[PDB]
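A.B. asks: Following this message is one structure expressed as structure tokens.
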Amino acid sequence: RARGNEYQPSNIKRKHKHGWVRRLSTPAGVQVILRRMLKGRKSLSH
Amino acid sequence: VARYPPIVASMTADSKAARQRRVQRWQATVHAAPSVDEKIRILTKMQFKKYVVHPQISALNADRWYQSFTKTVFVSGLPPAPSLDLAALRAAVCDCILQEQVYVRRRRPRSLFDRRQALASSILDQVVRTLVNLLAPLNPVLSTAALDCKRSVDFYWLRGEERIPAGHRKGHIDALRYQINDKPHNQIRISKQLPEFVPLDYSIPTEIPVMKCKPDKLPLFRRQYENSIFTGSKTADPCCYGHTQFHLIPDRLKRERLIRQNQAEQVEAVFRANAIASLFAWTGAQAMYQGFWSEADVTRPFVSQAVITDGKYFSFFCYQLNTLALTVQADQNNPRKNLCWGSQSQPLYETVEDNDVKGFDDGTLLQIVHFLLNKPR
Amino acid sequence: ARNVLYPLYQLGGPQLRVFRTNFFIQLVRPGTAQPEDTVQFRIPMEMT
Amino acid sequence: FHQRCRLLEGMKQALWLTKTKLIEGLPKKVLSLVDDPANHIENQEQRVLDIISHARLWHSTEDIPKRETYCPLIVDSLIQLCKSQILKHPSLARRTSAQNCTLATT
RNA sequence: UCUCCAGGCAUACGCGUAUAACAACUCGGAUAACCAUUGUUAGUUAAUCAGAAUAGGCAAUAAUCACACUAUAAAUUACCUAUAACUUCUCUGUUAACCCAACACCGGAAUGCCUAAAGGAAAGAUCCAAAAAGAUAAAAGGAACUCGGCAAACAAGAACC
RNA sequence: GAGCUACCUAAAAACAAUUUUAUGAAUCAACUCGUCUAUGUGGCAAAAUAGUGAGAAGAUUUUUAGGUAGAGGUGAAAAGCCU
Ligand SMILES: [Mg+2]
Ligand SMILES: [Mg+2]
Ligand SMILES: [Mg+2]
Ligand SMILES: [Mg+2]
Ligand SMILES: [Mg+2]
Ligand SMILES: [Mg+2]
Ligand SMILES: [Mg+2]
Ligand SMILES: [Mg+2]
Ligand SMILES: [Mg+2]
Ligand SMILES: [Mg+2]
Ligand SMILES: [Mg+2]
Ligand SMILES: [Mg+2]
Ligand SMILES: [Mg+2]
Ligand SMILES: [Mg+2]
Ligand SMILES: [Mg+2]
Ligand SMILES: [Mg+2]
Ligand SMILES: [Mg+2]
Ligand SMILES: [Mg+2]
Ligand SMILES: [Mg+2]
Ligand SMILES: [Mg+2]
Ligand SMILES: [Mg+2]
Ligand SMILES: [Mg+2]
Ligand SMILES: [Mg+2]
Ligand SMILES: [Mg+2]
């Protein structure tokens, strides 16, 4: 079949998988934010 | 002896003349449909986006807009033109007010915000039922009539056109669709039509209001859902005509709230708009039960009357349907117009103290009695 | 008023009064056609 | 005991609680009332058949109405048919009907 | 106006101003016209469409037009007891030719209604060479073609390992 | 990292007409799948198009939200699938 369209957008799924609240739930996710803040990212999370 | 071909536009071409010729092709399939179900099915099977008209509406000056959507002229007063123990009626109607407000013992509702409109519903329900059984001996028609409680009346029609302003359909010409969905508190349906209030083709100097803006500027919103024409019962029901509707105005539209909002001049306007919309749908739906539509306009004026109450004050309206040719095509050369007659609201009673109704007014009761006394000729 | 704290209200509390108002509004010419009675305004997003 | 209580033993339990004796069939006095042809209503069967049809089919815009709507409709419609007899028997104005009213005893 | 084609209108999800007018004619559309591009100004209006008090007590009897009818895979807050409060309309969604496929991609894309009243244009101009792709017709013969009846057929029947 | 895909949980949907019967039955749409040939091969497409075909009331198909994670997950085992 034709590939390349593995992305089926959904705002509920997106904010649940990669959102602010999700990232802070576990210590490893908090360190994801810490790295991005140190790097200077304009977007810490979705 | 030359058989020249008829000078008509082509059926298949992509033009305005050829489209108006494909319109008469399906319109002719209605003319040629034997049953009225097939006619209504054909006229309503295709769903398009339509303005939803609310007979009970909080929009300002909605009465004037409804006249324009309907082609109705509103005449103040009643239409131009047996003692039965009025005291007996007065006692019975007084009993109904006291019974629900005082004596009846029910489980009170769960929301304080609904205790009043439920009181108004029960008294107006009792009053209608009693006045239909005490007046029945004098008017035998009410004995065989059908009394409907909160049944739905539906009318769907086309009037006017506009140019679609945006998208792939920009510039196309589309009709302005309207539908009225109504649930009158009570209504009486008879199997014999009432007499007219004025001859068909009646002409008056008054002019129907002309609206500069779209229906949208008055808060009015469009949706696309099933198109239905309903009189309160299906076409198979023998009781296919209308006698009277009783409407209860919601608390949101009652006198005190409107005055607070500074729209005091709209107190009567609320009554007028409900009658025009409620009666136009009901008188129109009856006509299409008889096979009349925009391309076969009614031969007989269709008549119905309604009384609108906010629970204490009462107003009375009469409607005559002269025109179902409201579309731009079918309204091109129409001198007919629809008529509605209305009166100012008057109290039926003032308050209940102890176990006695106070301030009861006989004049309003007679008007209810006269409306329930009208019979077919 | 905007960018200010409103005192939390509980049963029986006083009326909320704003003596000096931070809301500034401008009257604009309608883009589409409106009834003669209707008037358009542009108002701060926190105004009700 | 409230409306949604369902007695396991049915009538037998109900009779015991109310200390009553059961007789099958309606009282003969009530039965003879409608046996008289004078009580017969005009077009009785045709009107009743229309009432059944109206309650089941013609009252709604739906294809198949549901019981939560036609079950109240049929009974009220029948009562109205029985209420038309004020043309023959007066003194049926000495009664009235109320809706959803509470009864209770101990 | 004519010729011809035949999935269209709504909602959900998604997108995020591509919406509309004007002015521009550089960039963008695989070219022009014109704009889907650039700049400026505007826009989507809802009490009905759509979104966002406490403590106890107790439930045998599907659905399928629910009647008949059997069945097997065994199948949807209510009603009561007490307590507490004793008149309310703010807030938010609403545009479009739109989304996922690097693209104005012959692909992917749920539901309701309807099947042409809605929506559309296969040819920039010309010329009719070869080779190549597709459709239709076939004198006489009828698998002699071919690894094989592959493909096609005015055929689409029968049998056996 | 399970918005693809494998499997699962919960809440929802769709199946006309015709014949059999009382059905993982039949013919055949919508829908699901992808048998054979041709075209295409930097293509419309990083797997399509056009025909021809298989299933089509079920172990069917589809929608939404959740679960299982690499020494692992899932698997009507193809060492398939896990952007
Ligand atoms: Mg990718
Ligand atoms: Mg998906
Ligand atoms: Mg534009
Ligand atoms: Mg321009
Ligand atoms: Mg622009
Ligand atoms: Mg809602
Ligand atoms: Mg829209
Ligand atoms: Mg390309
Ligand atoms: Mg068209
Ligand atoms: Mg072309
Ligand atoms: Mg050419
Ligand atoms: Mg051939
Ligand atoms: Mg030959
Ligand atoms: Mg050879
Ligand atoms: Mg051989
Ligand atoms: Mg072959
Ligand atoms: Mg998943
Ligand atoms: Mg079927
Ligand atoms: Mg089968
Ligand atoms: Mg098959
Ligand atoms: Mg088969
Ligand atoms: Mg599998
Ligand atoms: Mg193996
Ligand atoms: Mg991979």
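Starting from 1 in every chain, residues are counted up; chains themselves are A, B, ... following the order of the structure tokens, and ligands are numbered from 1 as listed.
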Return as an MDAnalysis selection string every polymer residue, whether protein, DNA or RNA, with at least one atom no more than 10 Å from an atom of ligand 5; count only C-alpha atoms (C1' of nucleotides) and all ligand atoms.

C.D. replies: chainID E and resid 18:20 35:39

A.B. asks: Wanna dump the chain A-ligand 1 contacts at 8 Å for me, each residue with its shortest atom pair and the distance in Å to one decimal, counting only C-alpha atoms and all ligand atoms, ordered by chain and number, as a tab-separated table?

C.D. replies:
residue	atom	partner	partner_atom_place_in_ligand_line	distance
A:4	CA	ligand 1	1 (Mg)	5.1
A:5	CA	ligand 1	1 (Mg)	6.5
A:6	CA	ligand 1	1 (Mg)	6.5
A:7	CA	ligand 1	1 (Mg)	7.3

A.B. asks: Give me, as a VMD selection string, the residues of chain D touching chain E, with the criterion being at most 8 Å (counting only C-alpha atoms (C1' of nucleotides)).

C.D. replies: chain D and resid 2 to 5 64

A.B. asks: Print the selection's residues with N, CA, C and O atoms to a file, as a CSV table (one decimal), in the first residue's frame.

C.D. replies:
chain,number,residue,atom,x,y,z
D,2,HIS,N,-43.6,1.3,47.2
D,2,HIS,CA,-43.7,2.4,46.2
D,2,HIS,C,-43.9,1.8,44.8
D,2,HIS,O,-44.0,0.6,44.6
D,3,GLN,N,-44.0,2.7,43.8
D,3,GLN,CA,-44.4,2.2,42.5
D,3,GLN,C,-43.5,1.2,41.9
D,3,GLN,O,-44.0,0.2,41.3
D,4,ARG,N,-42.2,1.3,42.1
D,4,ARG,CA,-41.2,0.4,41.4
D,4,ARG,C,-41.0,-0.9,42.2
D,4,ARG,O,-40.3,-1.7,41.8
D,5,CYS,N,-41.7,-1.0,43.4
D,5,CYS,CA,-41.6,-2.3,44.1
D,5,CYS,C,-42.4,-3.3,43.3
D,5,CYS,O,-43.6,-3.1,42.9
D,64,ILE,N,-41.7,4.5,13.8
D,64,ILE,CA,-42.2,3.7,14.8
D,64,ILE,C,-42.2,4.3,16.1
D,64,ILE,O,-41.1,4.4,16.7

A.B. asks: By how many Å are CA of residue 122 (chain B) and CA of residue 99 (chain B) apart?

C.D. replies: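 Between CA of residue 122 (chain B) and CA of residue 99 (chain B) the gap works out to 9.5 Å.
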
A.B. asks: Mind listing as a VMD selection string which residues of chain C are within 12 Å of chain E, counting only C-alpha atoms (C1' of nucleotides)?

C.D. replies: chain C and resid 11 28 to 34 38 to 40 45 to 48

A.B. asks: Please, could you write that set of residues out with C-alpha atoms as a PDB file, in the first residue's frame?

C.D. replies:
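What landed in result_25.pdb:
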ATOM      1  CA  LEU C  11     -22.734  33.402  49.912  1.00  0.00           C
ATOM      2  CA  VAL C  28     -16.322  50.782  14.412  1.00  0.00           C
ATOM      3  CA  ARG C  29     -18.095  51.026  11.071  1.00  0.00           C
ATOM      4  CA  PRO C  30     -19.771  47.683  10.239  1.00  0.00           C
ATOM      5  CA  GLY C  31     -18.101  45.509   7.629  1.00  0.00           C
ATOM      6  CA  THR C  32     -21.337  43.869   6.523  1.00  0.00           C
ATOM      7  CA  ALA C  33     -24.797  45.459   6.436  1.00  0.00           C
ATOM      8  CA  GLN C  34     -26.519  45.741   9.814  1.00  0.00           C
ATOM      9  CA  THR C  38     -27.464  47.712  15.621  1.00  0.00           C
ATOM     10  CA  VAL C  39     -24.098  49.209  16.604  1.00  0.00           C
ATOM     11  CA  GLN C  40     -20.692  47.504  16.432  1.00  0.00           C
ATOM     12  CA  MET C  45     -11.191  40.232  25.168  1.00  0.00           C
ATOM     13  CA  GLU C  46     -11.879  40.126  28.927  1.00  0.00           C
ATOM     14  CA  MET C  47     -15.065  42.204  28.638  1.00  0.00           C
ATOM     15  CA  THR C  48     -18.398  40.387  28.805  1.00  0.00           C
TER      16      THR C  48
END

A.B. asks: Applying 9 Å and only C-alpha atoms (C1' of nucleotides), which residues near region 14-31 of chain A remain after dropping the ones on its own chain fewer than 2 positions away? List them as a list in words.

C.D. replies: residues 9, 10, 11, 12, 33, 34, 35, 36, 44, 45 and 46 of chain A; 3 of chain F

A.B. asks: How far is it from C1' of residue 115 (chain E) to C1' of residue 100 (chain E), in Å with one decimal?

C.D. replies: 28.9 Å
